[PDB]
file entry-v3.pdb (PDB, N, CA, C and O atoms and all ligand atoms)
ATOM      1  N   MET A   1      68.864  37.627 184.345
ATOM      2  CA  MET A   1      67.976  38.775 184.338
ATOM      3  C   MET A   1      66.547  38.363 183.980
ATOM      4  O   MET A   1      65.619  38.590 184.755
ATOM      5  N   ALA A   2      66.415  37.764 182.806
ATOM      6  CA  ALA A   2      65.114  37.316 182.336
ATOM      7  C   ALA A   2      64.196  38.527 182.161
ATOM      8  O   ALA A   2      62.985  38.423 182.346
ATOM      9  N   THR A   3      64.807  39.647 181.806
ATOM     10  CA  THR A   3      64.060  40.876 181.603
ATOM     11  C   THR A   3      62.971  41.019 182.668
ATOM     12  O   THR A   3      61.796  40.781 182.395
ATOM     13  N   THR A   4      63.401  41.410 183.860
ATOM     14  CA  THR A   4      62.477  41.589 184.966
ATOM     15  C   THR A   4      63.126  42.421 186.075
ATOM     16  O   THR A   4      64.197  42.074 186.569
ATOM     17  N   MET A   5      62.450  43.502 186.432
ATOM     18  CA  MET A   5      62.947  44.386 187.472
ATOM     19  C   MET A   5      61.801  45.149 188.137
ATOM     20  O   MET A   5      61.722  45.214 189.363
ATOM     21  N   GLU A   6      60.941  45.710 187.300
ATOM     22  CA  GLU A   6      59.801  46.467 187.791
ATOM     23  C   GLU A   6      60.266  47.795 188.392
ATOM     24  O   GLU A   6      60.580  47.866 189.580
ATOM     25  N   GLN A   7      60.295  48.812 187.545
ATOM     26  CA  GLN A   7      60.716  50.134 187.979
ATOM     27  C   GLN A   7      60.887  51.059 186.772
ATOM     28  O   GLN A   7      61.831  51.845 186.716
ATOM     29  N   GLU A   8      59.958  50.934 185.834
ATOM     30  CA  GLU A   8      59.994  51.749 184.633
ATOM     31  C   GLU A   8      61.366  51.647 183.963
ATOM     32  O   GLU A   8      62.243  52.473 184.209
ATOM     33  N   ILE A   9      61.508  50.627 183.130
ATOM     34  CA  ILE A   9      62.758  50.406 182.423
ATOM     35  C   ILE A   9      62.461  50.078 180.959
ATOM     36  O   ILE A   9      62.307  48.911 180.599
ATOM     37  N   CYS A  10      62.386  51.127 180.153
ATOM     38  CA  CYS A  10      62.110  50.965 178.736
ATOM     39  C   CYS A  10      63.356  51.385 177.952
ATOM     40  O   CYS A  10      64.369  51.755 178.541
ATOM     41  N   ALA A  11      63.238  51.313 176.634
ATOM     42  CA  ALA A  11      64.340  51.680 175.763
ATOM     43  C   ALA A  11      64.377  53.203 175.610
ATOM     44  O   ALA A  11      65.073  53.725 174.738
ATOM     45  N   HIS A  12      63.622  53.871 176.467
ATOM     46  CA  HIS A  12      63.559  55.323 176.437
ATOM     47  C   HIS A  12      63.783  55.875 177.845
ATOM     48  O   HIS A  12      64.552  56.818 178.032
ATOM     49  N   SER A  13      63.099  55.265 178.803
ATOM     50  CA  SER A  13      63.215  55.684 180.190
ATOM     51  C   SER A  13      61.859  55.561 180.887
ATOM     52  O   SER A  13      61.437  56.471 181.598
ATOM     53  N   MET A  14      61.213  54.425 180.661
ATOM     54  CA  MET A  14      59.913  54.172 181.259
ATOM     55  C   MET A  14      59.635  52.670 181.346
ATOM     56  O   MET A  14      60.553  51.857 181.241
ATOM     57  N   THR A  15      58.365  52.346 181.538
ATOM     58  CA  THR A  15      57.953  50.956 181.641
ATOM     59  C   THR A  15      57.309  50.493 180.333
ATOM     60  O   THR A  15      56.857  51.313 179.536
ATOM     61  N   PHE A  16      57.289  49.179 180.154
ATOM     62  CA  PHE A  16      56.707  48.598 178.956
ATOM     63  C   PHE A  16      55.406  49.308 178.578
ATOM     64  O   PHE A  16      55.255  49.777 177.450
ATOM     65  N   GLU A  17      54.498  49.365 179.541
ATOM     66  CA  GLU A  17      53.215  50.010 179.323
ATOM     67  C   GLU A  17      53.409  51.507 179.069
ATOM     68  O   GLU A  17      52.598  52.135 178.391
ATOM     69  N   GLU A  18      54.488  52.034 179.628
ATOM     70  CA  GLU A  18      54.799  53.444 179.470
ATOM     71  C   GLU A  18      55.737  53.652 178.279
ATOM     72  O   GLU A  18      56.185  54.768 178.024
ATOM     73  N   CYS A  19      56.005  52.558 177.580
ATOM     74  CA  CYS A  19      56.880  52.606 176.421
ATOM     75  C   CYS A  19      56.244  53.521 175.376
ATOM     76  O   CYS A  19      56.945  54.239 174.664
ATOM     77  N   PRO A  20      54.886  53.466 175.314
ATOM     78  CA  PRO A  20      54.146  54.281 174.366
ATOM     79  C   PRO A  20      54.100  55.743 174.819
ATOM     80  O   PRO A  20      53.607  56.605 174.095
ATOM     81  N   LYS A  21      54.622  55.975 176.014
ATOM     82  CA  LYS A  21      54.647  57.316 176.572
ATOM     83  C   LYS A  21      56.028  57.932 176.346
ATOM     84  O   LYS A  21      56.188  59.151 176.410
ATOM     85  N   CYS A  22      56.993  57.063 176.088
ATOM     86  CA  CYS A  22      58.358  57.506 175.852
ATOM     87  C   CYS A  22      58.329  58.602 174.785
ATOM     88  O   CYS A  22      58.964  59.643 174.942
ATOM     89  N   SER A  23      57.585  58.330 173.722
ATOM     90  CA  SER A  23      57.466  59.279 172.630
ATOM     91  C   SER A  23      56.287  60.223 172.884
ATOM     92  O   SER A  23      56.402  61.432 172.687
ATOM     93  N   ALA A  24      55.182  59.635 173.315
ATOM     94  CA  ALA A  24      53.985  60.408 173.597
ATOM     95  C   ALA A  24      54.134  61.096 174.955
ATOM     96  O   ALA A  24      53.343  60.856 175.867
ATOM     97  N   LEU A  25      55.155  61.935 175.048
ATOM     98  CA  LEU A  25      55.419  62.659 176.280
ATOM     99  C   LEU A  25      54.834  64.069 176.173
ATOM    100  O   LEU A  25      55.134  64.934 176.996
ATOM    101  N   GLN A  26      54.012  64.258 175.151
ATOM    102  CA  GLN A  26      53.384  65.549 174.927
ATOM    103  C   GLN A  26      54.430  66.664 174.966
ATOM    104  O   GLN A  26      54.112  67.811 175.276
ATOM    105  N   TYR A  27      55.661  66.288 174.650
ATOM    106  CA  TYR A  27      56.758  67.241 174.644
ATOM    107  C   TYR A  27      57.667  67.026 173.433
ATOM    108  O   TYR A  27      57.321  66.282 172.517
ATOM    109  N   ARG A  28      58.812  67.692 173.467
ATOM    110  CA  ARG A  28      59.773  67.583 172.383
ATOM    111  C   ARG A  28      60.484  66.229 172.438
ATOM    112  O   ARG A  28      61.285  65.909 171.561
ATOM    113  N   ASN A  29      60.166  65.473 173.477
ATOM    114  CA  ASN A  29      60.764  64.160 173.659
ATOM    115  C   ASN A  29      60.454  63.290 172.439
ATOM    116  O   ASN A  29      61.354  62.685 171.859
ATOM    117  N   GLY A  30      59.178  63.256 172.086
ATOM    118  CA  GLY A  30      58.737  62.470 170.945
ATOM    119  C   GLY A  30      57.332  62.882 170.505
ATOM    120  O   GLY A  30      56.678  63.683 171.172
ATOM    121  N   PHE A  31      56.907  62.316 169.386
ATOM    122  CA  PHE A  31      55.589  62.615 168.848
ATOM    123  C   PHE A  31      54.769  61.336 168.664
ATOM    124  O   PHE A  31      53.580  61.307 168.972
ATOM    125  N   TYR A  32      55.440  60.309 168.161
ATOM    126  CA  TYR A  32      54.789  59.031 167.933
ATOM    127  C   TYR A  32      55.717  57.870 168.298
ATOM    128  O   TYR A  32      55.261  56.836 168.787
TER     129      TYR A  32
HETATM  130 ZN    ZN A 101      59.434  52.910 175.831
END
call {"tool": "encode", "arguments": {"input": "entry-v3.pdb", "output": "structure tokens"}}
result
Amino acid sequence: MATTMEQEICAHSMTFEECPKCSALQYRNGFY
């Protein structure tokens, strides 16, 4: 695998760069 796919795959449901969005979804999803 080598941690590589490219298609929004975070420990939440997004991409590395979008990892900070997993919580910051401006919703009840997360806050920080
Ligand atoms: Zn994430």
call {"tool": "closest_atom_pairs", "arguments": {"input": "entry-v3.pdb", "of": "chain A", "to": "ligand ZN 101 (chain A)", "cutoff": "12 Å", "atoms": "only C-alpha atoms and all ligand atoms", "output": "CSV"}}
result
residue,atom,partner,partner_atom,distance
A:8,CA,A:ZN101,ZN,8.9
A:9,CA,A:ZN101,ZN,7.8
A:10,CA,A:ZN101,ZN,4.4
A:11,CA,A:ZN101,ZN,5.1
A:12,CA,A:ZN101,ZN,4.8
A:13,CA,A:ZN101,ZN,6.4
A:14,CA,A:ZN101,ZN,5.6
A:15,CA,A:ZN101,ZN,6.3
A:16,CA,A:ZN101,ZN,6.0
A:17,CA,A:ZN101,ZN,7.7
A:18,CA,A:ZN101,ZN,5.9
A:19,CA,A:ZN101,ZN,2.6
A:20,CA,A:ZN101,ZN,5.7
A:21,CA,A:ZN101,ZN,6.5
A:22,CA,A:ZN101,ZN,4.7
A:23,CA,A:ZN101,ZN,7.4
A:24,CA,A:ZN101,ZN,9.5
A:25,CA,A:ZN101,ZN,10.6
A:29,CA,A:ZN101,ZN,11.5
A:30,CA,A:ZN101,ZN,10.8
A:32,CA,A:ZN101,ZN,11.0
call {"tool": "select_by_dssp", "arguments": {"input": "entry-v3.pdb", "residues": "chain A", "states": "helix (DSSP H, G or I)", "output": "list in words"}}
result
residues 16, 17, 18, 19, 20, 21, 22 and 23 of chain A
call {"tool": "atom_distance", "arguments": {"input": "entry-v3.pdb", "atom1": "atom O of residue 27 (chain A)", "atom2": "CA of residue 4 (chain A)"}}
result
28.1 Å
call {"tool": "axis_aligned_box", "arguments": {"input": "entry-v3.pdb", "around": "region 7-10 of chain A", "padding_each_side": "3 Å", "output": "JSON"}}
result
{"center_x": 62.2, "center_y": 50.6, "center_z": 183.0, "size_x": 10.4, "size_y": 9.7, "size_z": 16.0}
